[PDB]
Each structure stands twice: as C-alpha cells, then as structure tokens.
>>> print(open('final.pdb').read())   # PDB, N, CA and C atoms
MODEL        1
ATOM      1  N   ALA A   2       0.830  -1.219   0.000
ATOM      2  CA  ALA A   2       0.000   0.000   0.000
ATOM      3  C   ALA A   2       0.859   1.262   0.000
ATOM      4  N   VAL A   3       0.464   2.271  -0.775
ATOM      5  CA  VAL A   3       1.049   3.629  -0.785
ATOM      6  C   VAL A   3       0.845   4.338   0.556
ATOM      7  N   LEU A   4       1.835   5.113   0.982
ATOM      8  CA  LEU A   4       1.791   5.934   2.189
ATOM      9  C   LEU A   4       0.988   7.226   1.979
ATOM     10  N   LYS A   5      -0.002   7.479   2.838
ATOM     11  CA  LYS A   5      -0.844   8.692   2.829
ATOM     12  C   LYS A   5      -0.784   9.429   4.167
ATOM     13  N   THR A   6      -0.959  10.748   4.141
ATOM     14  CA  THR A   6      -0.880  11.629   5.322
ATOM     15  C   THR A   6      -1.922  11.339   6.401
ATOM     16  N   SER A   7      -2.978  10.566   6.133
ATOM     17  CA  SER A   7      -3.936  10.138   7.169
ATOM     18  C   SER A   7      -3.268   9.323   8.283
ATOM     19  N   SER A   8      -2.260   8.526   7.931
ATOM     20  CA  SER A   8      -1.429   7.764   8.870
ATOM     21  C   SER A   8      -0.554   8.638   9.775
ATOM     22  N   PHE A   9      -0.406   9.927   9.473
ATOM     23  CA  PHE A   9       0.296  10.869  10.338
ATOM     24  C   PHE A   9      -0.646  11.639  11.274
ATOM     25  N   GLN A  10      -1.961  11.680  11.034
ATOM     26  CA  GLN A  10      -2.930  12.486  11.795
ATOM     27  C   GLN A  10      -2.411  13.901  12.087
ATOM     28  N   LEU A  11      -2.078  14.662  11.047
ATOM     29  CA  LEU A  11      -1.356  15.921  11.213
ATOM     30  C   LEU A  11      -2.136  16.948  12.052
ATOM     31  N   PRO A  12      -1.491  17.669  12.982
ATOM     32  CA  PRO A  12      -2.128  18.727  13.752
ATOM     33  C   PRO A  12      -2.296  20.001  12.920
ATOM     34  N   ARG A  13      -3.310  20.820  13.206
ATOM     35  CA  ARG A  13      -3.548  22.076  12.470
ATOM     36  C   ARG A  13      -2.481  23.131  12.719
ATOM     37  N   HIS A  14      -2.352  24.072  11.801
ATOM     38  CA  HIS A  14      -1.525  25.266  11.962
ATOM     39  C   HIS A  14      -2.325  26.403  12.597
ATOM     40  N   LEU A  15      -2.107  26.682  13.880
ATOM     41  CA  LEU A  15      -2.710  27.814  14.575
ATOM     42  C   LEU A  15      -2.035  29.118  14.157
ATOM     43  N   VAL A  16      -2.792  29.997  13.520
ATOM     44  CA  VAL A  16      -2.321  31.249  12.938
ATOM     45  C   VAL A  16      -2.416  32.385  13.971
ATOM     46  N   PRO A  17      -1.403  33.253  14.111
ATOM     47  CA  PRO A  17      -1.446  34.402  15.011
ATOM     48  C   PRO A  17      -2.607  35.377  14.756
ATOM     49  N   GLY A  18      -3.043  36.086  15.795
ATOM     50  CA  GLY A  18      -4.061  37.143  15.741
ATOM     51  C   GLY A  18      -5.474  36.672  16.086
ATOM     52  N   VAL A  19      -6.314  37.587  16.580
ATOM     53  CA  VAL A  19      -7.710  37.311  16.955
ATOM     54  C   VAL A  19      -8.656  38.147  16.100
ATOM     55  N   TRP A  20      -9.582  37.504  15.392
ATOM     56  CA  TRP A  20     -10.654  38.184  14.663
ATOM     57  C   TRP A  20     -11.797  38.578  15.598
ATOM     58  N   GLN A  21     -12.266  39.819  15.524
ATOM     59  CA  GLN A  21     -13.231  40.404  16.459
ATOM     60  C   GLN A  21     -14.340  41.126  15.699
ATOM     61  N   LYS A  22     -15.577  41.062  16.190
ATOM     62  CA  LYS A  22     -16.611  42.031  15.823
ATOM     63  C   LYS A  22     -16.258  43.411  16.364
ATOM     64  N   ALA A  23     -16.626  44.460  15.642
ATOM     65  CA  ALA A  23     -16.461  45.834  16.096
ATOM     66  C   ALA A  23     -17.338  46.126  17.320
ATOM     67  N   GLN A  24     -16.833  46.946  18.235
ATOM     68  CA  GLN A  24     -17.563  47.443  19.400
ATOM     69  C   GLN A  24     -17.907  48.924  19.252
ATOM     70  N   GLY A  25     -19.125  49.309  19.627
ATOM     71  CA  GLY A  25     -19.527  50.704  19.653
ATOM     72  C   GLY A  25     -18.814  51.471  20.756
ATOM     73  N   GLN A  26     -18.146  52.553  20.381
ATOM     74  CA  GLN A  26     -17.451  53.468  21.282
ATOM     75  C   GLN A  26     -18.423  54.367  22.056
ATOM     76  N   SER A  27     -17.931  55.105  23.050
ATOM     77  CA  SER A  27     -18.729  56.116  23.746
ATOM     78  C   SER A  27     -19.242  57.202  22.806
ATOM     79  N   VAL A  28     -20.517  57.557  22.906
ATOM     80  CA  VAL A  28     -21.047  58.767  22.276
ATOM     81  C   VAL A  28     -20.784  59.978  23.148
ATOM     82  N   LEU A  29     -20.902  59.857  24.469
ATOM     83  CA  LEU A  29     -20.761  60.997  25.362
ATOM     84  C   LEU A  29     -19.363  61.601  25.303
ATOM     85  N   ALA A  30     -18.328  60.791  25.097
ATOM     86  CA  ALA A  30     -16.956  61.268  24.988
ATOM     87  C   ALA A  30     -16.678  62.117  23.739
ATOM     88  N   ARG A  31     -17.510  61.998  22.700
ATOM     89  CA  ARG A  31     -17.440  62.782  21.462
ATOM     90  C   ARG A  31     -18.386  63.973  21.478
ATOM     91  N   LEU A  32     -19.586  63.782  22.007
ATOM     92  CA  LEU A  32     -20.622  64.803  22.028
ATOM     93  C   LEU A  32     -20.422  65.857  23.122
ATOM     94  N   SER A  33     -19.855  65.501  24.275
ATOM     95  CA  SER A  33     -19.570  66.422  25.385
ATOM     96  C   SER A  33     -18.093  66.379  25.769
ATOM     97  N   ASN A  34     -17.422  67.526  25.830
ATOM     98  CA  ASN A  34     -16.001  67.584  26.162
ATOM     99  C   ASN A  34     -15.749  67.302  27.645
ATOM    100  N   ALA A  35     -14.689  66.564  27.957
ATOM    101  CA  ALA A  35     -14.237  66.390  29.328
ATOM    102  C   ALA A  35     -13.753  67.719  29.920
ATOM    103  N   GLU A  36     -14.387  68.190  30.986
ATOM    104  CA  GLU A  36     -13.823  69.264  31.794
ATOM    105  C   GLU A  36     -12.749  68.692  32.729
ATOM    106  N   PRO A  37     -11.627  69.384  32.972
ATOM    107  CA  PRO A  37     -10.671  68.956  33.984
ATOM    108  C   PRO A  37     -11.320  69.022  35.371
ATOM    109  N   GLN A  38     -11.242  67.949  36.147
ATOM    110  CA  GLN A  38     -11.851  67.843  37.472
ATOM    111  C   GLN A  38     -10.857  67.328  38.506
ATOM    112  N   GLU A  39     -10.904  67.871  39.713
ATOM    113  CA  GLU A  39     -10.257  67.279  40.887
ATOM    114  C   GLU A  39     -11.147  66.214  41.537
ATOM    115  N   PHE A  40     -10.581  65.324  42.350
ATOM    116  CA  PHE A  40     -11.309  64.192  42.917
ATOM    117  C   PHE A  40     -12.443  64.634  43.852
ATOM    118  N   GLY A  41     -13.672  64.201  43.598
ATOM    119  CA  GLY A  41     -14.836  64.430  44.449
ATOM    120  C   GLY A  41     -15.997  65.126  43.746
ATOM    121  N   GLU A  42     -17.138  65.234  44.419
ATOM    122  CA  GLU A  42     -18.337  65.809  43.819
ATOM    123  C   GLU A  42     -18.155  67.297  43.494
ATOM    124  N   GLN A  43     -18.315  67.657  42.232
ATOM    125  CA  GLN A  43     -18.450  69.022  41.753
ATOM    126  C   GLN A  43     -19.844  69.564  42.077
ATOM    127  N   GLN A  44     -19.987  70.883  42.111
ATOM    128  CA  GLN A  44     -21.253  71.592  42.244
ATOM    129  C   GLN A  44     -21.339  72.702  41.205
ATOM    130  N   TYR A  45     -22.457  72.783  40.500
ATOM    131  CA  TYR A  45     -22.739  73.767  39.464
ATOM    132  C   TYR A  45     -23.937  74.612  39.888
ATOM    133  N   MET A  46     -23.920  75.906  39.601
ATOM    134  CA  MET A  46     -24.953  76.850  40.029
ATOM    135  C   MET A  46     -25.902  77.205  38.888
ATOM    136  N   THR A  47     -27.214  77.148  39.110
ATOM    137  CA  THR A  47     -28.207  77.258  38.034
ATOM    138  C   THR A  47     -29.296  78.272  38.337
ATOM    139  N   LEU A  48     -29.688  79.076  37.349
ATOM    140  CA  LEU A  48     -30.881  79.911  37.437
ATOM    141  C   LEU A  48     -32.127  79.033  37.409
ATOM    142  N   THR A  49     -33.009  79.209  38.381
ATOM    143  CA  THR A  49     -34.248  78.436  38.524
ATOM    144  C   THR A  49     -35.450  79.165  37.940
ATOM    145  N   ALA A  50     -35.572  80.465  38.180
ATOM    146  CA  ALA A  50     -36.592  81.313  37.574
ATOM    147  C   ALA A  50     -36.106  82.760  37.446
ATOM    148  N   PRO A  51     -36.412  83.462  36.346
ATOM    149  CA  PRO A  51     -35.994  84.842  36.140
ATOM    150  C   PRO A  51     -36.919  85.875  36.821
ATOM    151  N   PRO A  52     -36.439  87.105  37.060
ATOM    152  CA  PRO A  52     -37.262  88.224  37.498
ATOM    153  C   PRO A  52     -38.255  88.657  36.414
TER     154      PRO A  52
ATOM    155  N   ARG B  53      10.889  -4.352   2.833
ATOM    156  CA  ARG B  53      11.767  -5.493   2.516
ATOM    157  C   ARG B  53      12.444  -5.300   1.160
ATOM    158  N   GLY B  54      13.680  -5.752   1.007
ATOM    159  CA  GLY B  54      14.358  -5.796  -0.292
ATOM    160  C   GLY B  54      13.801  -6.882  -1.219
ATOM    161  N   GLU B  55      14.028  -6.771  -2.524
ATOM    162  CA  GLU B  55      13.675  -7.786  -3.522
ATOM    163  C   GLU B  55      14.860  -8.080  -4.444
ATOM    164  N   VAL B  56      15.101  -9.355  -4.757
ATOM    165  CA  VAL B  56      16.119  -9.814  -5.716
ATOM    166  C   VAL B  56      15.481  -9.932  -7.094
ATOM    167  N   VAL B  57      15.851  -9.050  -8.019
ATOM    168  CA  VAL B  57      15.330  -9.014  -9.390
ATOM    169  C   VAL B  57      16.391  -9.412 -10.409
ATOM    170  N   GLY B  58      16.078 -10.383 -11.264
ATOM    171  CA  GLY B  58      16.894 -10.709 -12.433
ATOM    172  C   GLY B  58      16.906  -9.589 -13.469
ATOM    173  N   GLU B  59      17.768  -9.688 -14.471
ATOM    174  CA  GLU B  59      17.778  -8.719 -15.565
ATOM    175  C   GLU B  59      16.432  -8.723 -16.297
ATOM    176  N   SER B  60      15.826  -7.548 -16.464
ATOM    177  CA  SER B  60      14.495  -7.353 -17.051
ATOM    178  C   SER B  60      13.324  -8.033 -16.312
ATOM    179  N   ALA B  61      13.497  -8.488 -15.072
ATOM    180  CA  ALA B  61      12.385  -8.923 -14.234
ATOM    181  C   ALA B  61      11.629  -7.715 -13.661
ATOM    182  N   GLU B  62      10.337  -7.864 -13.375
ATOM    183  CA  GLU B  62       9.512  -6.781 -12.833
ATOM    184  C   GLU B  62       9.835  -6.495 -11.362
ATOM    185  N   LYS B  63      10.086  -5.229 -11.030
ATOM    186  CA  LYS B  63      10.341  -4.735  -9.674
ATOM    187  C   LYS B  63       9.029  -4.444  -8.951
ATOM    188  N   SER B  64       8.845  -4.963  -7.745
ATOM    189  CA  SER B  64       7.668  -4.714  -6.902
ATOM    190  C   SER B  64       7.777  -3.408  -6.108
ATOM    191  N   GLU B  65       6.786  -3.126  -5.263
ATOM    192  CA  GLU B  65       6.871  -2.109  -4.210
ATOM    193  C   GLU B  65       6.641  -2.712  -2.812
ATOM    194  N   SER B  66       7.478  -2.328  -1.852
ATOM    195  CA  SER B  66       7.323  -2.603  -0.422
ATOM    196  C   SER B  66       7.636  -1.324   0.334
ATOM    197  N   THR B  67       6.711  -0.872   1.170
ATOM    198  CA  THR B  67       6.725   0.478   1.757
ATOM    199  C   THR B  67       6.768   0.419   3.276
ATOM    200  N   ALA B  68       7.416   1.404   3.891
ATOM    201  CA  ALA B  68       7.287   1.652   5.317
ATOM    202  C   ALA B  68       5.827   1.970   5.691
ATOM    203  N   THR B  69       5.363   1.514   6.851
ATOM    204  CA  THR B  69       4.071   1.922   7.435
ATOM    205  C   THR B  69       4.284   2.570   8.801
ATOM    206  N   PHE B  70       3.412   3.509   9.168
ATOM    207  CA  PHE B  70       3.558   4.352  10.356
ATOM    208  C   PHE B  70       2.261   4.467  11.146
ATOM    209  N   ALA B  71       2.371   4.805  12.426
ATOM    210  CA  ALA B  71       1.252   5.226  13.261
ATOM    211  C   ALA B  71       1.695   6.331  14.232
ATOM    212  N   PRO B  72       0.832   7.295  14.591
ATOM    213  CA  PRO B  72       1.181   8.387  15.488
ATOM    214  C   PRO B  72       0.809   8.085  16.949
ATOM    215  N   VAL B  73       1.541   8.648  17.904
ATOM    216  CA  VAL B  73       1.254   8.570  19.348
ATOM    217  C   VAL B  73       1.322   9.973  19.948
ATOM    218  N   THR B  74       0.427  10.334  20.861
ATOM    219  CA  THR B  74       0.412  11.647  21.532
ATOM    220  C   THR B  74       0.828  11.550  22.994
ATOM    221  N   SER B  75       1.512  12.570  23.498
ATOM    222  CA  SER B  75       1.853  12.720  24.909
ATOM    223  C   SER B  75       0.667  13.242  25.722
ATOM    224  N   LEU B  76       0.817  13.261  27.044
ATOM    225  CA  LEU B  76       0.101  14.175  27.937
ATOM    226  C   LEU B  76       1.067  15.253  28.440
ATOM    227  N   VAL B  77       0.557  16.189  29.228
ATOM    228  CA  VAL B  77       1.326  17.246  29.896
ATOM    229  C   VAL B  77       1.020  17.241  31.385
ATOM    230  N   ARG B  78       2.029  17.395  32.238
ATOM    231  CA  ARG B  78       1.883  17.475  33.695
ATOM    232  C   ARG B  78       2.577  18.705  34.242
ATOM    233  N   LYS B  79       1.917  19.411  35.147
ATOM    234  CA  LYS B  79       2.482  20.509  35.935
ATOM    235  C   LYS B  79       2.763  19.976  37.333
ATOM    236  N   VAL B  80       3.977  20.149  37.832
ATOM    237  CA  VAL B  80       4.379  19.672  39.156
ATOM    238  C   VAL B  80       4.972  20.831  39.943
ATOM    239  N   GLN B  81       4.625  20.948  41.222
ATOM    240  CA  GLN B  81       5.076  22.039  42.085
ATOM    241  C   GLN B  81       5.389  21.571  43.502
ATOM    242  N   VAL B  82       6.318  22.252  44.154
ATOM    243  CA  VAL B  82       6.601  22.137  45.585
ATOM    244  C   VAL B  82       6.530  23.537  46.168
ATOM    245  N   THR B  83       5.753  23.739  47.225
ATOM    246  CA  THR B  83       5.677  25.019  47.941
ATOM    247  C   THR B  83       6.037  24.804  49.400
ATOM    248  N   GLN B  84       7.048  25.505  49.905
ATOM    249  CA  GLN B  84       7.513  25.402  51.288
ATOM    250  C   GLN B  84       7.380  26.744  51.995
ATOM    251  N   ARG B  85       6.742  26.762  53.163
ATOM    252  CA  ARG B  85       6.372  27.954  53.930
ATOM    253  C   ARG B  85       7.215  28.089  55.200
ATOM    254  N   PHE B  86       7.721  29.276  55.507
ATOM    255  CA  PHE B  86       8.582  29.546  56.667
ATOM    256  C   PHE B  86       8.395  30.982  57.187
ATOM    257  N   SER B  87       8.695  31.253  58.457
ATOM    258  CA  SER B  87       8.627  32.614  59.012
ATOM    259  C   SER B  87       9.714  33.509  58.447
ATOM    260  N   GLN B  88       9.507  34.825  58.444
ATOM    261  CA  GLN B  88      10.621  35.699  58.088
ATOM    262  C   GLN B  88      11.747  35.686  59.127
ATOM    263  N   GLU B  89      11.487  35.178  60.329
ATOM    264  CA  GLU B  89      12.511  34.921  61.334
ATOM    265  C   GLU B  89      13.494  33.848  60.843
ATOM    266  N   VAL B  90      13.002  32.727  60.302
ATOM    267  CA  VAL B  90      13.809  31.675  59.687
ATOM    268  C   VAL B  90      14.669  32.242  58.567
ATOM    269  N   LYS B  91      14.150  33.150  57.741
ATOM    270  CA  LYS B  91      14.954  33.812  56.715
ATOM    271  C   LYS B  91      16.066  34.668  57.305
ATOM    272  N   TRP B  92      15.779  35.553  58.262
ATOM    273  CA  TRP B  92      16.825  36.384  58.865
ATOM    274  C   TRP B  92      17.876  35.581  59.629
ATOM    275  N   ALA B  93      17.465  34.523  60.321
ATOM    276  CA  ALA B  93      18.383  33.602  60.963
ATOM    277  C   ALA B  93      19.306  32.940  59.939
ATOM    278  N   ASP B  94      18.764  32.250  58.932
ATOM    279  CA  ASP B  94      19.548  31.593  57.887
ATOM    280  C   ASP B  94      20.536  32.554  57.231
ATOM    281  N   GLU B  95      20.032  33.697  56.792
ATOM    282  CA  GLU B  95      20.744  34.650  55.961
ATOM    283  C   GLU B  95      21.864  35.378  56.710
ATOM    284  N   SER B  96      21.703  35.660  58.000
ATOM    285  CA  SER B  96      22.753  36.301  58.805
ATOM    286  C   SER B  96      23.816  35.318  59.280
ATOM    287  N   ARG B  97      23.425  34.090  59.612
ATOM    288  CA  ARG B  97      24.337  33.025  60.046
ATOM    289  C   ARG B  97      24.978  32.255  58.895
ATOM    290  N   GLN B  98      24.485  32.427  57.671
ATOM    291  CA  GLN B  98      24.925  31.727  56.464
ATOM    292  C   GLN B  98      24.785  30.206  56.577
ATOM    293  N   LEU B  99      23.694  29.711  57.164
ATOM    294  CA  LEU B  99      23.478  28.273  57.347
ATOM    295  C   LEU B  99      23.195  27.531  56.041
ATOM    296  N   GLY B 100      22.622  28.196  55.048
ATOM    297  CA  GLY B 100      22.178  27.585  53.806
ATOM    298  C   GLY B 100      20.949  26.694  53.946
ATOM    299  N   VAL B 101      20.075  26.920  54.932
ATOM    300  CA  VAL B 101      18.848  26.109  55.023
ATOM    301  C   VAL B 101      17.863  26.438  53.909
ATOM    302  N   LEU B 102      17.707  27.689  53.473
ATOM    303  CA  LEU B 102      16.849  27.961  52.318
ATOM    304  C   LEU B 102      17.454  27.415  51.023
ATOM    305  N   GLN B 103      18.780  27.420  50.857
ATOM    306  CA  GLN B 103      19.383  26.758  49.708
ATOM    307  C   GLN B 103      19.134  25.252  49.750
ATOM    308  N   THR B 104      19.270  24.628  50.915
ATOM    309  CA  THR B 104      18.922  23.216  51.098
ATOM    310  C   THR B 104      17.469  22.939  50.719
TER     311      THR B 104
ENDMDL
END
>>> encode(input="final.pdb", output="structure tokens")
Amino acid sequence: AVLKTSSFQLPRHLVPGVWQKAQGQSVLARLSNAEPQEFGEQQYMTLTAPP
Amino acid sequence: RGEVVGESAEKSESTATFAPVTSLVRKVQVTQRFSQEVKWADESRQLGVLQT
C-alpha cells in the first residue's frame, strides 16, 4: 500500500491574531467635552426662575 | 523489505508503514512555607537552610 498523510494524523496550523466584531465606542466622549476635574463631587450653580 | 530481481524482471513495491502517538502534559510544584525569622536567621548566620 502507498503511504498517505492520514497515517500521520497531522495537527492544524494555529495562525497568530484574533478576529473580532467591532464594538460601539462612547457617544458621550465625542458629544460632550471632558472638563478637567479634581477628585470628588463638583457643584454647578443654576438659574431656577428669572425676574 | 528488499527484492532480488533478475535482468528485465519486474520490480515490486514494499513500503514503510507508520502510526502516530500523543503525549500528555503534567504541571508539578513544591511550595515550602517559613517565618521571616527563619529567613533572617539563615541569611545572617549563612546556614544555607533555604538553599537546602
């Protein structure tokens, strides 16, 4: 009988890199600019009703 | 196997045959626990107990 590669049970070639679906990025990071902040709760002052 | 062929006699085929075998894998560890007192004692006296 002729020799065939089935008698070797060859292992697969694992190729580098990972294929991924795209992920949706932040909208808020594009639509509203980051203000520089120090650590802790900020407070903002607002007009409630005019004269 | 070899074959003895006369002049103009037909040559046969005889072939090597093969089979594959797979390993397993084993992880083996030793962990030894001691006080930092044992370390300072060994290391200042040069006893070599941690090297042992």
>>> residues_around(input="final.pdb", residues="residue 4 of chain A", least_positions_apart="3", cutoff="8 Å", atoms="all atoms listed in the file", output="number ranges by chain")
A: 7-8; B: 67-70
>>> closest_atom_pairs(input="final.pdb", of="chain A", to="chain B", cutoff="12 Å", atoms="only C-alpha atoms", output="JSON lines")
{"residue": "A:2", "atom": "CA", "partner": "B:67", "partner_atom": "CA", "distance": 7.0}
{"residue": "A:3", "atom": "CA", "partner": "B:67", "partner_atom": "CA", "distance": 7.0}
{"residue": "A:4", "atom": "CA", "partner": "B:69", "partner_atom": "CA", "distance": 7.0}
{"residue": "A:5", "atom": "CA", "partner": "B:69", "partner_atom": "CA", "distance": 9.6}
{"residue": "A:6", "atom": "CA", "partner": "B:70", "partner_atom": "CA", "distance": 9.9}
{"residue": "A:7", "atom": "CA", "partner": "B:71", "partner_atom": "CA", "distance": 9.4}
{"residue": "A:8", "atom": "CA", "partner": "B:71", "partner_atom": "CA", "distance": 5.7}
{"residue": "A:9", "atom": "CA", "partner": "B:72", "partner_atom": "CA", "distance": 5.8}
{"residue": "A:10", "atom": "CA", "partner": "B:72", "partner_atom": "CA", "distance": 6.9}
{"residue": "A:11", "atom": "CA", "partner": "B:72", "partner_atom": "CA", "distance": 9.0}
{"residue": "A:12", "atom": "CA", "partner": "B:74", "partner_atom": "CA", "distance": 10.8}
>>> atom_distance(input="final.pdb", atom1="atom C of residue 23 of chain A", atom2="atom CA of residue 35 of chain A")
23.8 Å
>>> select_by_dssp(input="final.pdb", residues="chain A", states="alpha helix (DSSP H)", output="JSON, numbers by chain")
{"A": [29, 30, 31, 32]}
>>> axis_aligned_box(input="final.pdb", around="segment 82-92 of chain B", padding_each_side="5 Å", output="lines of an AutoDock Vina configuration file")
center_x = 11.8
center_y = 29.3
center_z = 52.7
size_x = 22.2
size_y = 24.2
size_z = 27.2
>>> atom_distance(input="final.pdb", atom1="atom N of residue 34 of chain A", atom2="atom C of residue 51 of chain A")
28.9 Å
>>> atom_distance(input="final.pdb", atom1="atom CA of residue 28 of chain A", atom2="atom CA of residue 47 of chain A")
25.3 Å
>>> decode(input="final.pdb", residues="segment 84-97 of chain B", atoms="C-alpha atoms", output="PDB file, in the first residue's frame")
ATOM      1  CA  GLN B  84       7.513  25.402  51.288  1.00  0.00           C
ATOM      2  CA  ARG B  85       6.372  27.954  53.930  1.00  0.00           C
ATOM      3  CA  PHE B  86       8.582  29.546  56.667  1.00  0.00           C
ATOM      4  CA  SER B  87       8.627  32.614  59.012  1.00  0.00           C
ATOM      5  CA  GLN B  88      10.621  35.699  58.088  1.00  0.00           C
ATOM      6  CA  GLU B  89      12.511  34.921  61.334  1.00  0.00           C
ATOM      7  CA  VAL B  90      13.809  31.675  59.687  1.00  0.00           C
ATOM      8  CA  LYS B  91      14.954  33.812  56.715  1.00  0.00           C
ATOM      9  CA  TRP B  92      16.825  36.384  58.865  1.00  0.00           C
ATOM     10  CA  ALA B  93      18.383  33.602  60.963  1.00  0.00           C
ATOM     11  CA  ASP B  94      19.548  31.593  57.887  1.00  0.00           C
ATOM     12  CA  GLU B  95      20.744  34.650  55.961  1.00  0.00           C
ATOM     13  CA  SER B  96      22.753  36.301  58.805  1.00  0.00           C
ATOM     14  CA  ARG B  97      24.337  33.025  60.046  1.00  0.00           C
TER      15      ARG B  97
END
